Structure formats: C-alpha cells, structure tokens
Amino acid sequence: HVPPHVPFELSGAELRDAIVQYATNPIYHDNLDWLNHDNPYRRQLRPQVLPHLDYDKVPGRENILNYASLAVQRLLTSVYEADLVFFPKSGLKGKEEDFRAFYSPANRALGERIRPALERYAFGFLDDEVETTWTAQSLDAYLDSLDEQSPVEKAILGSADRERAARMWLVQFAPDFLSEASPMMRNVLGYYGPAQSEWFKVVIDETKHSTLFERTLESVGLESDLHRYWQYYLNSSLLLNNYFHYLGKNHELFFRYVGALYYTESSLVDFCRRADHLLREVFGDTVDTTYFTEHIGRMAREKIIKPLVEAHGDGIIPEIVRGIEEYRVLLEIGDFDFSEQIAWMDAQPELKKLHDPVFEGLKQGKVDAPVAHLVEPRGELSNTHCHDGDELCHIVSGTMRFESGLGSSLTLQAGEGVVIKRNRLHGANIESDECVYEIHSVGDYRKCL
C-alpha cells in the first residue's frame, strides 16, 4: 500500500539551519572590495548574520525595508539566478571553481529547499495589500480604468548630484535588463494553447536589448558585468526583480504573470519616453538611450488574456487582477525606497554634522541607547546592509570610509561620526591601521536633539 504523505514542513531552527547551510557556500562570503570584479558567481549574502534572523515572523508592509527583508531578497536573487546562464565577460578561464560552486547539485537543492519559506517572507505582506466575482466585461472595465512628474524624476532632478543619482538608478536595473526577458521565458516552457505562441512572440521582441543597455551603462561610466554593483542594489530593486522570477517559476501564479505582463506592456512606452527624457536632461548627448527608444498592451489583452479567459473560465480573472495590483504595490515601494536612498546620499554632509548634537544628547541622557564598542583593522570592509532603527556612529580613533551609496562616501576621523538613518543602505571600510569606534542604537535620532 501507499505510505502516508508527510506534508512538506520546514520552520523554526531547522529552517534557520537550512538557510545558513545554503548561504555558507564560500561564493557568498563578504567581499573585500565594494565591487565584484567580473565574477557573476559571487553574491554577498552576509551569512554571519543569517543565524540571528526570525524567518517565521512574516513582516507586513511597514517593516518590508528592514534588514531581514533585504537579506531575504539577496538570498532569493541568488536562488532564482541558479537557473540562469552566466559567464564572465573576460571568459570562464580562471573562474571554473566558482562556476562549479554556483552551478552544483548541492547549491541548487539547498536553495530550492528554503525557497518556499523565503517567498512567504518576501511576498507574504502582499496578501493584506491587495484584495480581489469577476467577468470578462468587468475585467475590461478594470483594465480600461488603468489609463506629471514621477517620484523617480523628482528624486533625480531634485538631487544635489543629478549624475550620481541617475547612475544609482541605472544600476538598479542591471539584473533585470542585462538578463532581459529571462523571467518571462520561464512561462514559455511546456505545452499549452495558442497563448504560448503569443507569449513567445513578445519574448522574441528582444540588437538584443541586453546589449543596448550595456551601451547605456558604459556611456555614463558604468560597467555591464553582473553583479559588479551587488552591494548597491536596493532592497526594493531586488524585490521588483524577484517578483517576476517568483511568478515565472511558480506556475500556479501563471495568471498573475499574465496580468503583470499586461500592465508592463501598457506602461512600456511611457516608461521609455520618460527614461530617455530624464537621462538626456541629466547627461546631455553623452548618454546612449537606444535601449529605451527602441522599445517605442491591446495586443496582450486580445492575444493572451482573452483566449485564456475563454479556455479556462472566469475563475482566472482574480489572479490576473492580483498580478497587476501586487506589481503596482511593488512599484510604490520602489519609488519610496529609491527616493529615500537618494535623499540619504545627498544629505551625508549634514548627517556628518548632526553627529555632534546627537552625541551631545546621548551624553545628557535624552535617550538610553545600547552601545557597541568596536576595534577593527585596515581593510575590514563591512558589506552593505541596513538597520531597523537609527544609529549614531562615533569614531574614537583612526579613519573610516563610510559608504552611503554609489559615488557617495564620507571620511570619518577621530572625534567625528555620522547619523545612520533606519533602512538606508550603507557600509564601511577601515582606512587606517586600526579604527576604534562606537555604534549607539538610538532608535530615533531626533529624540537626541
């Protein structure tokens, strides 16, 4: 007789151990530099922190830019990308061991085992952000209803360094645009109706777009090897990219992808126009925007949505709508996260100065702040991360390079420091022989003023 089915279950300490097991593959160890040097097999997952996170407590939207969420997004990107083919720009010779470490039976199996729990952690909040009886007519009404300055335009054009802000923006798209259509290709494997051929026609349109975005990056002094700028990828940028791998890998979510595809096709011309205009205003004639201008909706409605609704019934419509609404939530989070990061980068001189009154407030006992006393040698590079409350970094002796973003750095000497804002991506390196410094966990730095 058939043995009983034990349901798949992985939680608590066993899940923590499984996540740590995946992430302690040596290719995921902290980088000694800020950049990956043409090695697409190395991704920084900061495995030393992973034993101390609670993967069972799924965060709501309000806590979705906390560190545990960033850590999970980084994990998921690596798990998903084991299905993608990468070779170094300079060729595979010399990088065979890393190649084999990333593409191994073990690395795939370890990542795939934790993937369900990681996806609940990453995407669970969307259950409460979105709510979806539908018919073809009411779907047509909802779609029709989907049709000024954008938050990204405002953040870049209003920046203290527009070129830096635009470069920080462009690198966010490196995983997506350089592997363009990869998540979409996941939906074209198999055997289904004429919708499969129509989905494949879209994939065919992409002279290859990846190569055009190489030129965009290179025209403003950025490189196009994955993932050079790993440590500068925002939480929300990974979240947006990972969403499409999530939909593409998990075919129970196929109809959500149908919806998201409609929305992306329907938004594509406006996005590309705005991107072209924004980049020209910032960089002038130096920037290559062919990638965006070459891309310049109804076809997805008629050729994909309609036949699927006819073949599979009205029951798929709430899934189609959910895909659109979930994606829109993620775009909002992206707008916020990116805007916050650019403001944080631009305000570094002021936040260096804010150290003094904040430090003085701690002395006067306005906040009772836990403090960590650290002593670190030269080249101890703390890979980028964030904290869930505000912190005060105070240098006692030596010299620290405090990294707040791409092209955004402060040198901090004895007696100096910086206010570190919650959820903002940052790291540090020690530039002197030894650096003695303090981290005060102030929660809200404004309470120290």
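One-based numbering along the sequence shown.
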(message) Residues without coordinates, deposited sequence, stretch from residue 147 to residue 148: is the count none, 1 to 3, 4 to 9, or 10 or more?
(response) 4 to 9
(request) Answer with none, 1 to 3, 4 to 9, or 10 or more: how many deposited residues between residue 85 and residue 86 are not present in the coordinates. (result) none
(request) Averaging the C-alpha B factors as listed in the entry, name the stretch that ends up higher: 270 to 278 or 114 to 122. (result) 270 to 278
(message) If you average the CA temperature factors as listed in the entry, which stretch comes out higher, 434 to 442 or 9 to 17?
(response) 434 to 442
(request) Just grab whichever of 183, 105, 370, 334 has the top CA B-factor as deposited. (result) 370
(message) In terms of recorded Cα temperature factor, pick the maximum from 172, 133, 231, 187.
(response) 133
(message) Please place residue 415 in the lowest, middle or highest third of its chain according to the CA B-factor in the PDB entry.
(response) highest
(message) Considering every modelled residue of the chain and its Cα B-factor in the PDB entry, is residue 66 in the lowest, middle or highest third?
(response) lowest
(request) Check where residue 46 lands among this chain's C-alpha B-factors and tell me if it's the lowest, middle or highest third. (result) lowest
(request) Ordered by C-alpha B-factor within the chain, which third holds residue 326? Give me lowest, middle or highest, please. (result) lowest
(request) Please rank the C-alpha B-factors of the chain's modelled residues and tell me whether residue 397 sits in the lowest, middle or highest third. (result) highest
